[PDB]
file coords33.cif (mmCIF, C-alpha atoms and all ligand atoms)
data_start
#
loop_
_atom_site.label_atom_id
_atom_site.label_comp_id
_atom_site.auth_asym_id
_atom_site.auth_seq_id
_atom_site.Cartn_x
_atom_site.Cartn_y
_atom_site.Cartn_z
CA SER A 1 123.65 57.66 109.35
CA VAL A 2 124.56 61.35 109.41
CA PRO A 3 123.32 63.40 106.42
CA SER A 4 126.02 65.50 104.75
CA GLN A 5 126.30 69.18 105.66
CA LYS A 6 128.81 70.06 102.93
CA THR A 7 128.03 73.35 101.19
CA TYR A 8 127.37 72.66 97.51
CA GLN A 9 126.05 75.26 95.07
CA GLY A 10 125.69 72.74 92.25
CA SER A 11 124.73 73.49 88.67
CA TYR A 12 122.15 76.10 89.57
CA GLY A 13 124.31 78.14 91.92
CA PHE A 14 122.07 77.44 94.93
CA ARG A 15 122.59 79.26 98.23
CA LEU A 16 120.60 80.73 101.12
CA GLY A 17 120.13 84.33 102.15
CA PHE A 18 118.98 85.98 105.36
CA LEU A 19 117.47 89.33 106.29
CA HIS A 20 119.30 91.88 108.45
CA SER A 21 116.99 92.06 111.43
CA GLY A 22 119.35 93.53 114.03
CA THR A 23 119.72 92.59 117.69
CA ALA A 24 117.16 94.65 119.63
CA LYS A 25 115.82 92.80 122.65
CA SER A 26 112.41 92.69 120.94
CA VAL A 27 113.60 90.95 117.76
CA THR A 28 112.04 87.50 117.16
CA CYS A 29 114.40 86.13 114.52
CA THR A 30 117.89 87.29 113.63
CA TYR A 31 120.77 85.81 111.66
CA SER A 32 124.49 86.10 112.46
CA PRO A 33 126.74 85.90 109.37
CA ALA A 34 129.83 85.75 111.59
CA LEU A 35 128.52 82.64 113.37
CA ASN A 36 126.46 81.30 110.42
CA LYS A 37 123.76 81.00 113.05
CA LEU A 38 120.04 81.83 113.18
CA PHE A 39 118.60 82.85 116.57
CA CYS A 40 114.82 82.69 116.92
CA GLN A 41 111.93 82.56 119.37
CA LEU A 42 109.78 79.46 119.72
CA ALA A 43 107.32 78.91 116.84
CA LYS A 44 107.96 82.35 115.32
CA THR A 45 108.36 83.04 111.60
CA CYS A 46 111.90 82.58 110.26
CA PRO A 47 112.34 83.96 106.72
CA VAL A 48 114.96 82.07 104.76
CA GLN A 49 115.83 83.20 101.22
CA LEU A 50 116.65 80.90 98.30
CA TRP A 51 119.00 82.25 95.64
CA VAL A 52 120.04 80.68 92.34
CA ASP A 53 122.08 81.66 89.31
CA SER A 54 119.78 79.78 86.94
CA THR A 55 116.27 78.35 86.99
CA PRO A 56 116.07 74.74 88.15
CA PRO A 57 113.71 72.31 86.36
CA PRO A 58 109.99 72.03 87.19
CA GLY A 59 109.61 69.48 90.00
CA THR A 60 112.68 70.70 91.88
CA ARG A 61 112.06 70.72 95.66
CA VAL A 62 113.58 72.27 98.78
CA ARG A 63 114.05 70.15 101.90
CA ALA A 64 114.89 71.17 105.47
CA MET A 65 116.26 68.81 108.13
CA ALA A 66 117.85 69.32 111.54
CA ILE A 67 120.86 67.45 112.90
CA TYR A 68 122.90 67.83 116.07
CA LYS A 69 126.08 69.86 115.49
CA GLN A 70 128.39 68.18 118.00
CA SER A 71 130.14 65.01 116.81
CA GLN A 72 129.06 62.99 119.86
CA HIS A 73 125.40 63.81 119.19
CA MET A 74 125.26 63.97 115.38
CA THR A 75 123.88 60.42 115.22
CA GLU A 76 120.78 61.11 117.34
CA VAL A 77 117.50 62.07 115.60
CA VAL A 78 116.48 65.67 116.29
CA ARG A 79 112.88 65.77 117.44
CA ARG A 80 110.49 67.71 119.66
CA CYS A 81 110.63 67.07 123.40
CA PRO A 82 108.10 64.94 125.33
CA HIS A 83 106.10 68.02 126.31
CA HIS A 84 105.94 69.82 122.95
CA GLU A 85 105.15 66.73 120.88
CA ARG A 86 101.95 66.46 122.99
CA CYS A 87 100.78 70.08 123.14
CA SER A 88 98.27 69.76 120.28
CA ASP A 89 99.62 72.79 118.39
CA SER A 90 99.25 71.04 115.04
CA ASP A 91 98.66 73.11 111.92
CA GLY A 92 96.87 70.14 110.36
CA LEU A 93 99.86 69.12 108.24
CA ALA A 94 103.01 68.85 110.36
CA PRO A 95 103.33 65.74 112.52
CA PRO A 96 103.48 66.89 116.17
CA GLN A 97 106.96 65.32 116.55
CA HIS A 98 108.61 67.48 113.89
CA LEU A 99 110.88 70.31 115.04
CA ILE A 100 110.85 72.15 111.70
CA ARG A 101 107.66 73.34 110.02
CA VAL A 102 107.06 75.34 106.88
CA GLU A 103 104.52 78.08 107.50
CA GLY A 104 101.74 78.92 105.05
CA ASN A 105 102.50 76.48 102.24
CA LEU A 106 99.77 73.99 101.37
CA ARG A 107 102.19 71.92 99.29
CA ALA A 108 104.54 71.25 102.21
CA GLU A 109 105.19 67.55 102.80
CA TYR A 110 106.56 66.01 105.97
CA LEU A 111 108.77 62.94 105.87
CA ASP A 112 109.56 60.36 108.52
CA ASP A 113 112.48 58.54 106.86
CA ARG A 114 111.69 54.81 106.86
CA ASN A 115 115.38 54.00 107.38
CA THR A 116 117.09 56.77 109.38
CA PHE A 117 113.91 57.80 111.18
CA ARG A 118 114.94 61.43 110.62
CA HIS A 119 112.30 64.10 110.06
CA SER A 120 112.22 66.61 107.23
CA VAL A 121 109.87 69.04 105.53
CA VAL A 122 109.94 69.61 101.79
CA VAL A 123 108.24 72.08 99.44
CA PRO A 124 108.27 72.71 95.71
CA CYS A 125 110.92 75.19 94.58
CA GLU A 126 109.04 78.23 93.24
CA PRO A 127 110.15 81.34 91.31
CA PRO A 128 110.26 84.72 93.06
CA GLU A 129 107.16 86.87 93.22
CA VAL A 130 107.01 89.36 90.38
CA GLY A 131 109.43 92.15 91.22
CA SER A 132 111.60 90.07 93.56
CA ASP A 133 115.03 88.54 93.03
CA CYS A 134 114.76 85.55 95.38
CA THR A 135 112.20 83.21 96.93
CA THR A 136 111.46 83.13 100.64
CA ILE A 137 110.40 80.13 102.71
CA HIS A 138 108.99 80.78 106.19
CA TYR A 139 110.17 78.20 108.75
CA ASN A 140 109.11 77.64 112.36
CA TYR A 141 111.15 75.87 115.06
CA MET A 142 108.80 74.17 117.49
CA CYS A 143 111.01 73.53 120.57
CA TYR A 144 113.55 75.60 122.50
CA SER A 145 117.19 74.52 122.24
CA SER A 146 116.92 74.07 126.00
CA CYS A 147 113.92 71.70 125.98
CA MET A 148 114.46 68.87 128.44
CA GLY A 149 114.21 65.43 126.86
CA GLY A 150 114.59 67.04 123.44
CA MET A 151 117.47 69.18 122.21
CA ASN A 152 118.45 69.64 125.87
CA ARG A 153 120.84 72.56 125.25
CA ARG A 154 122.58 70.83 122.33
CA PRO A 155 123.24 73.03 119.26
CA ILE A 156 121.65 71.95 115.99
CA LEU A 157 122.21 72.69 112.33
CA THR A 158 119.51 73.07 109.71
CA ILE A 159 120.50 71.53 106.37
CA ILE A 160 118.66 72.87 103.33
CA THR A 161 118.89 70.73 100.20
CA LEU A 162 117.77 71.51 96.69
CA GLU A 163 116.53 68.21 95.19
CA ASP A 164 115.25 66.95 91.86
CA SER A 165 111.87 65.18 91.60
CA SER A 166 113.51 61.84 92.59
CA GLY A 167 115.10 63.41 95.66
CA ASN A 168 118.61 63.44 94.19
CA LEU A 169 120.98 66.18 95.38
CA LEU A 170 121.16 69.40 93.35
CA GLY A 171 122.51 71.78 95.99
CA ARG A 172 123.06 72.14 99.73
CA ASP A 173 123.54 74.87 102.33
CA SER A 174 123.26 74.93 106.13
CA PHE A 175 123.19 77.10 109.25
CA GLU A 176 123.26 76.61 112.99
CA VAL A 177 120.09 77.40 114.95
CA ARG A 178 119.42 78.44 118.52
CA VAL A 179 115.79 78.65 119.55
CA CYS A 180 115.66 80.88 122.60
CA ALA A 181 113.61 83.48 124.47
CA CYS A 182 115.81 86.47 123.56
CA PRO A 183 117.49 86.03 120.15
CA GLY A 184 118.77 89.62 120.05
CA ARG A 185 120.65 89.38 123.33
CA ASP A 186 121.94 85.88 122.61
CA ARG A 187 123.23 86.87 119.15
CA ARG A 188 125.01 89.86 120.70
CA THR A 189 126.56 87.67 123.40
CA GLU A 190 127.79 84.92 121.07
CA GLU A 191 129.21 87.45 118.60
CA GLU A 192 131.02 89.12 121.50
CA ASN A 193 132.43 85.80 122.68
CA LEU A 194 133.61 85.13 119.11
CA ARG A 195 135.32 88.52 118.84
CA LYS A 196 137.13 87.87 122.13
CA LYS A 197 138.11 84.31 121.24
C1 LIG B 201 120.67 86.72 88.35
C2 LIG B 201 119.86 85.43 88.34
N1 LIG B 201 119.00 85.28 87.10
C3 LIG B 201 119.77 84.57 85.99
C4 LIG B 201 120.56 85.53 85.12
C5 LIG B 201 117.69 84.56 87.38
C6 LIG B 201 116.65 85.40 88.12
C7 LIG B 201 115.34 84.65 87.99
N2 LIG B 201 115.46 83.31 88.65
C8 LIG B 201 114.17 82.55 88.59
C9 LIG B 201 114.05 81.56 89.72
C10 LIG B 201 113.31 80.39 89.54
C11 LIG B 201 113.13 79.49 90.60
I1 LIG B 201 112.02 77.72 90.25
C12 LIG B 201 113.68 79.75 91.86
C13 LIG B 201 114.42 80.94 92.02
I2 LIG B 201 115.23 81.36 93.94
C14 LIG B 201 114.62 81.86 90.98
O1 LIG B 201 115.37 83.00 91.13
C15 LIG B 201 116.57 82.48 88.07
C16 LIG B 201 117.90 83.22 88.11
ZN ZN B 202 110.12 71.34 123.58
#
call {"tool": "encode", "arguments": {"input": "coords33.cif", "output": "structure tokens"}}
result
Amino acid sequence: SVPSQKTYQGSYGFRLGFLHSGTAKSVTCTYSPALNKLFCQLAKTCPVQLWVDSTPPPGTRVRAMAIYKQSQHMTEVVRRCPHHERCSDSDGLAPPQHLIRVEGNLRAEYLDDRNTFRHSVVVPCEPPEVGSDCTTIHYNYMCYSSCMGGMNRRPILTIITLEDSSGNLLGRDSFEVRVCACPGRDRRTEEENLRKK
């Protein structure tokens, strides 16, 4: 099975937002709107914003899952490589196999799907802090795109779904991810390639 990646705002007008972090060689996480692609360093904080037009019901949750982007790989489960799944860098909550973690949220839950075997991490949907207009979730990606025996240079997408308390679909958005040593340079390069192409 391949989970849908269709953008769907749904009844609550759900969509993601990203900061404008620039492309300096020192930057650790940066988003390209032109590529709809997040570039980040291994295990570093990735702020992702949640925006809605109206308040969803109590019990609404927000799930993140990775899938391979390319058609010939979309069916393979995205997981950490044989090295990283064994490096004992657990935060006490995330299974060591999971590529995507949520940072600093005690209510995060990690799912190994009993049928598809796909991994995901889900948290309660919460209102913005007083004074803010959106809610931010901090994600970590725990392997490099290049990890041998894992992603092995294959591009992935992160799919973010807004769910009701049963896990039914309320909204969906997605973005490509590259986990790399120099996100600033790589974003600049890929945006240049795009502009040329
Ligand atoms: C312009 C948008 N207006 C409506 C007029 C409001 C602003 C206030 N929010 C509250 C709210 C609750 C949850 I739980 C999650 C999120 I993210 C969130 O924004 C709801 C939308
Ligand atoms: Zn790895």
call {"tool": "residues_near_ligand", "arguments": {"input": "coords33.cif", "ligand": "ligand ZN 202 (chain B)", "cutoff": "12 Å", "atoms": "all atoms listed in the file", "output": "PyMOL selection string"}}
result
chain A and resi 42-43+78-87+89+96-100+141-153+179-180
call {"tool": "residues_near_ligand", "arguments": {"input": "coords33.cif", "ligand": "ligand LIG 201 (chain B)", "cutoff": "8 Å", "atoms": "only C-alpha atoms and all ligand atoms", "output": "list in words"}}
result
residues 14, 49, 50, 51, 52, 53, 54, 55, 56, 57, 58, 60, 125, 126, 127, 128, 133, 134, 135 and 136 of chain A
call {"tool": "closest_residue", "arguments": {"input": "coords33.cif", "among": "A:108, A:46, A:16, A:65", "to": "residue 28 (chain A)", "atoms": "all atoms listed in the file"}}
result
A:46
call {"tool": "atom_distance", "arguments": {"input": "coords33.cif", "atom1": "CA of residue 184 (chain A)", "atom2": "CA of residue 25 (chain A)"}}
result
5.1 Å
call {"tool": "axis_aligned_box", "arguments": {"input": "coords33.cif", "around": "region 140-157 of chain A", "padding_each_side": "6 Å", "output": "lines of an AutoDock Vina configuration file"}}
result
center_x = 116.0
center_y = 71.5
center_z = 120.4
size_x = 26.4
size_y = 24.2
size_z = 28.1
call {"tool": "atom_distance", "arguments": {"input": "coords33.cif", "atom1": "CA of residue 10 (chain A)", "atom2": "CA of residue 35 (chain A)"}}
result
23.5 Å
call {"tool": "residues_around", "arguments": {"input": "coords33.cif", "residues": "residue 4 (chain A)", "least_positions_apart": "4", "cutoff": "12 Å", "atoms": "all atoms listed in the file", "output": "list in words"}}
result
residues 8, 65, 66, 67, 68, 69, 74, 75, 157, 158, 159, 160, 161, 169, 171, 172, 173 and 174 of chain A
call {"tool": "residues_around", "arguments": {"input": "coords33.cif", "residues": "residue 115 (chain A)", "least_positions_apart": "3", "cutoff": "10 Å", "atoms": "all atoms listed in the file", "output": "list in words"}}
result
residues 1, 112 and 118 of chain A
call {"tool": "write_last_selection", "arguments": {"input": "coords33.cif", "atoms": "C-alpha atoms", "output": "PDB file, in the frame of the given file"}}
result
ATOM      1  CA  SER A   1     123.650  57.660 109.350  1.00  0.00           C
ATOM      2  CA  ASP A 112     109.560  60.360 108.520  1.00  0.00           C
ATOM      3  CA  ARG A 118     114.940  61.430 110.620  1.00  0.00           C
TER       4      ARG A 118
END
call {"tool": "atom_distance", "arguments": {"input": "coords33.cif", "atom1": "CA of residue 189 (chain A)", "atom2": "CA of residue 41 (chain A)"}}
result
16.0 Å
call {"tool": "residues_around", "arguments": {"input": "coords33.cif", "residues": "residue 18 (chain A)", "least_positions_apart": "6", "cutoff": "8 Å", "atoms": "only C-alpha atoms", "output": "JSON, numbers by chain"}}
result
{"A": [31, 47, 48, 49]}
call {"tool": "residues_around", "arguments": {"input": "coords33.cif", "residues": "residue 122 (chain A)", "least_positions_apart": "6", "cutoff": "7 Å", "atoms": "all atoms listed in the file", "output": "list in words"}}
result
residues 61, 62, 63, 64, 108, 109 and 110 of chain A
call {"tool": "closest_residue", "arguments": {"input": "coords33.cif", "among": "A:36, A:123, A:92, A:117", "to": "residue 163 (chain A)", "atoms": "all atoms listed in the file"}}
result
A:123
call {"tool": "closest_residue", "arguments": {"input": "coords33.cif", "among": "A:129, A:71, A:195, A:91", "to": "residue 154 (chain A)", "atoms": "all atoms listed in the file"}}
result
A:71
call {"tool": "residues_around", "arguments": {"input": "coords33.cif", "residues": "residue 26 (chain A)", "least_positions_apart": "6", "cutoff": "12 Å", "atoms": "only C-alpha atoms", "output": "ChimeraX atom specification"}}
result
/A:40-41,181-186
call {"tool": "closest_residue", "arguments": {"input": "coords33.cif", "among": "A:45, A:105, A:32, A:165", "to": "residue 192 (chain A)", "atoms": "all atoms listed in the file"}}
result
A:32
call {"tool": "decode", "arguments": {"input": "coords33.cif", "residues": "region 103-135 of chain A", "atoms": "N, CA and C atoms", "output": "mmCIF file, in the first residue's frame"}}
result
data_model
loop_
_atom_site.group_PDB
_atom_site.id
_atom_site.type_symbol
_atom_site.label_atom_id
_atom_site.label_comp_id
_atom_site.auth_asym_id
_atom_site.auth_seq_id
_atom_site.Cartn_x
_atom_site.Cartn_y
_atom_site.Cartn_z
ATOM 1 N N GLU A 103 10.266 16.202 18.545
ATOM 2 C CA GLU A 103 11.109 16.669 19.623
ATOM 3 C C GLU A 103 10.295 17.371 20.706
ATOM 4 N N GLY A 104 10.553 17.030 21.967
ATOM 5 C CA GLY A 104 10.038 17.789 23.092
ATOM 6 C C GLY A 104 8.526 17.777 23.254
ATOM 7 N N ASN A 105 7.901 16.641 22.971
ATOM 8 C CA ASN A 105 6.460 16.516 23.185
ATOM 9 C C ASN A 105 6.163 15.186 23.853
ATOM 10 N N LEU A 106 5.831 15.241 25.138
ATOM 11 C CA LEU A 106 5.617 14.028 25.921
ATOM 12 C C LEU A 106 4.405 13.217 25.470
ATOM 13 N N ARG A 107 3.509 13.839 24.707
ATOM 14 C CA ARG A 107 2.331 13.135 24.231
ATOM 15 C C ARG A 107 2.517 12.533 22.836
ATOM 16 N N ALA A 108 3.746 12.556 22.319
ATOM 17 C CA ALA A 108 4.010 11.951 21.022
ATOM 18 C C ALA A 108 3.839 10.439 21.114
ATOM 19 N N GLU A 109 3.196 9.857 20.111
ATOM 20 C CA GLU A 109 3.046 8.406 20.032
ATOM 21 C C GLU A 109 3.642 7.898 18.728
ATOM 22 N N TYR A 110 4.295 6.746 18.795
ATOM 23 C CA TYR A 110 4.930 6.180 17.625
ATOM 24 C C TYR A 110 4.238 4.908 17.201
ATOM 25 N N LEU A 111 3.865 4.838 15.932
ATOM 26 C CA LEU A 111 3.117 3.690 15.431
ATOM 27 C C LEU A 111 3.922 2.849 14.448
ATOM 28 N N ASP A 112 3.959 1.542 14.699
ATOM 29 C CA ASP A 112 4.337 0.567 13.688
ATOM 30 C C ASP A 112 3.035 -0.044 13.172
ATOM 31 N N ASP A 113 2.646 0.295 11.946
ATOM 32 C CA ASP A 113 1.365 -0.155 11.393
ATOM 33 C C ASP A 113 1.351 -1.679 11.262
ATOM 34 N N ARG A 114 0.373 -2.308 11.903
ATOM 35 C CA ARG A 114 0.299 -3.767 11.959
ATOM 36 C C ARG A 114 0.094 -4.400 10.585
ATOM 37 N N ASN A 115 -0.333 -3.599 9.616
ATOM 38 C CA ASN A 115 -0.606 -4.105 8.275
ATOM 39 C C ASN A 115 0.414 -3.695 7.211
ATOM 40 N N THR A 116 0.717 -2.399 7.135
ATOM 41 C CA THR A 116 1.637 -1.878 6.129
ATOM 42 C C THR A 116 3.069 -1.895 6.628
ATOM 43 N N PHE A 117 3.223 -2.012 7.940
ATOM 44 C CA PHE A 117 4.534 -1.982 8.582
ATOM 45 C C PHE A 117 5.202 -0.608 8.504
ATOM 46 N N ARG A 118 4.454 0.395 8.066
ATOM 47 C CA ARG A 118 5.001 1.746 7.976
ATOM 48 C C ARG A 118 5.055 2.405 9.340
ATOM 49 N N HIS A 119 6.012 3.320 9.504
ATOM 50 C CA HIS A 119 6.213 4.005 10.773
ATOM 51 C C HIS A 119 5.564 5.386 10.708
ATOM 52 N N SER A 120 5.050 5.854 11.835
ATOM 53 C CA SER A 120 4.592 7.240 11.902
ATOM 54 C C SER A 120 4.671 7.739 13.325
ATOM 55 N N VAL A 121 4.635 9.063 13.474
ATOM 56 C CA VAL A 121 4.624 9.683 14.791
ATOM 57 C C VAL A 121 3.470 10.679 14.827
ATOM 58 N N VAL A 122 2.701 10.622 15.908
ATOM 59 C CA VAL A 122 1.472 11.403 15.990
ATOM 60 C C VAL A 122 1.392 12.153 17.320
ATOM 61 N N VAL A 123 0.889 13.387 17.274
ATOM 62 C CA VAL A 123 0.743 14.186 18.486
ATOM 63 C C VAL A 123 -0.626 14.823 18.496
ATOM 64 N N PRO A 124 -1.105 15.204 19.681
ATOM 65 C CA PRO A 124 -2.363 15.958 19.714
ATOM 66 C C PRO A 124 -2.215 17.297 19.004
ATOM 67 N N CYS A 125 -3.261 17.726 18.304
ATOM 68 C CA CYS A 125 -3.271 19.059 17.703
ATOM 69 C C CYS A 125 -3.572 20.067 18.811
ATOM 70 N N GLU A 126 -2.690 21.044 18.997
ATOM 71 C CA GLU A 126 -2.858 22.025 20.064
ATOM 72 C C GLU A 126 -2.976 23.432 19.500
ATOM 73 N N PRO A 127 -3.664 24.326 20.230
ATOM 74 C CA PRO A 127 -3.802 25.722 19.806
ATOM 75 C C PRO A 127 -2.472 26.460 19.929
ATOM 76 N N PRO A 128 -2.330 27.567 19.201
ATOM 77 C CA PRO A 128 -1.097 28.350 19.280
ATOM 78 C C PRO A 128 -0.881 28.883 20.686
ATOM 79 N N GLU A 129 0.378 29.122 21.030
ATOM 80 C CA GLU A 129 0.704 29.819 22.259
ATOM 81 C C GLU A 129 0.040 31.182 22.221
ATOM 82 N N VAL A 130 -0.271 31.716 23.395
ATOM 83 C CA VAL A 130 -0.906 33.021 23.458
ATOM 84 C C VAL A 130 -0.048 34.054 22.747
ATOM 85 N N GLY A 131 -0.633 34.761 21.790
ATOM 86 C CA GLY A 131 0.102 35.752 21.030
ATOM 87 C C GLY A 131 0.527 35.288 19.646
ATOM 88 N N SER A 132 0.438 33.983 19.399
ATOM 89 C CA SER A 132 0.830 33.410 18.114
ATOM 90 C C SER A 132 -0.379 33.053 17.247
ATOM 91 N N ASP A 133 -0.131 32.905 15.948
ATOM 92 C CA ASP A 133 -1.190 32.680 14.977
ATOM 93 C C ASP A 133 -1.202 31.257 14.433
ATOM 94 N N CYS A 134 -0.162 30.492 14.759
ATOM 95 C CA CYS A 134 -0.066 29.105 14.316
ATOM 96 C C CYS A 134 0.630 28.270 15.376
ATOM 97 N N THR A 135 0.574 26.952 15.210
ATOM 98 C CA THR A 135 1.247 26.018 16.106
ATOM 99 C C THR A 135 2.440 25.392 15.410
#
